[PDB]
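Shown here is one chain on its own, the form solved without this ligand, set out as structure tokens.
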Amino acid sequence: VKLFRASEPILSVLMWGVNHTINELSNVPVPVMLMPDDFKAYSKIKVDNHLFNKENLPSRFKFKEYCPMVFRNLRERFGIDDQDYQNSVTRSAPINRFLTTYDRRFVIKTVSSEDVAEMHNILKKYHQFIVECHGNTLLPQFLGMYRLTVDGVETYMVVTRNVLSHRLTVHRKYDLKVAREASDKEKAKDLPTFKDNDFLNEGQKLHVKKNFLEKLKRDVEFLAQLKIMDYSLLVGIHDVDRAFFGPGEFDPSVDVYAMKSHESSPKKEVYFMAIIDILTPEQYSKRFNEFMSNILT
């Protein structure tokens, strides 16, 4: 009995909508191939209840899902079962614009209308690229894209697989990208978001092999070839020593970006690494890949 009880009403709508669309999809056959119209398609449901089920849901709301067939296929190619996605979103309200599902498995990012249009422009080439990778890639893994309408205001969301581990507490986070550095406001947060200058001014390195770079070069060559800029690389460090289940112990089919540190590392660490924010040139490609090529040993 899924009460869609949430910290606030828009989360109740997100839960109700992902539950709804994923069931509806379970009654839609898996095609032999996607078709171009699947790349221009959408689902839209408008709910108008009166004196009914208003306990946790709003009474009037709208839910739209962009390209349901394309994102169900992507979900498949990334190895995510549809019922697991639905459970991660509806079993418990998502948590803290940036959310994760209660089980920290997926992140729900609020995006702009421009970002939704941009993804619509990149989607067929992105999907074909993921086919040709067999999902082995450092790009964001898009699982769904939704518009919600609550109290007249529209909100747009993109669901991606979490870069960081959903079980291991991550101890230092870097948003590696002129020159950028952490605001002292951000620098005073419970888990800071250090940017590019303070990974060099701190002396951290990540000691591992070379095939990470082989995947990254393909990814960023693709991003540039699609005229995308402004993307970052997200890096997380987990210090095993800080500390049933275990320490440094993770499932690589769930934390897909995780990487064990070499025996040669000073600290006993596990790293997580992936590309983020790819919804918006060629020079960016080379400068950014250089920066990240000089951080593995």
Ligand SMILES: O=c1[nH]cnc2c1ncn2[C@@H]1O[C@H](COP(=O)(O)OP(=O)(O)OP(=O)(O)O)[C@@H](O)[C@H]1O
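Counting begins at 1, following the sequence as shown.
Not pictured, yet referred to below: the form deposited with this ligand bound.
Enquirer: Counting only non-hydrogen atoms, which stretch in 209-217, 146-154, 129-137, 78-86 is within 4.5 Å of this ligand in the bound PDB entry?
Expert: Looking at the other structure, the answer is 146-154.
Enquirer: Please run the contact check for residue 64 against this ligand in the bound PDB entry: heavy atoms, 4.5 angstroms, yes or no?
Expert: Looking in the bound PDB entry, residue contacts with this ligand include residue 64, since a heavy atom lies within 4.5 Å.
Enquirer: So, in the bound PDB entry, is residue 40 in contact with this ligand at a 4.5 angstroms heavy atom limit?
Expert: Result yes; residue 40 sits at the interface with this ligand in the bound PDB entry.
Enquirer: Quick one: does residue 91 come within 4.5 Å of this ligand in the bound PDB entry, counting heavy atoms only?
Expert: Taking the distances in the bound PDB entry, the answer for residue 91 is no, it never comes within 4.5 Å of this ligand.
Enquirer: Would residue 179 count as touching this ligand in the bound PDB entry under a 4.5 Å heavy atom rule?
Expert: Contact check for residue 179: no, nothing within 4.5 Å of this ligand in the bound PDB entry.
Enquirer: Taking this ligand in the bound PDB entry as the reference, which of 171, 120, 205, 167 has a non-hydrogen atom within 4.5 Å?
Expert: Of the listed residues, the single hit is 120.
Enquirer: Check each of 201, 225, 183, 113 and return the one that places a heavy atom within 4.5 angstroms of this ligand in the bound PDB entry.
Expert: Here the answer is residue option 113.
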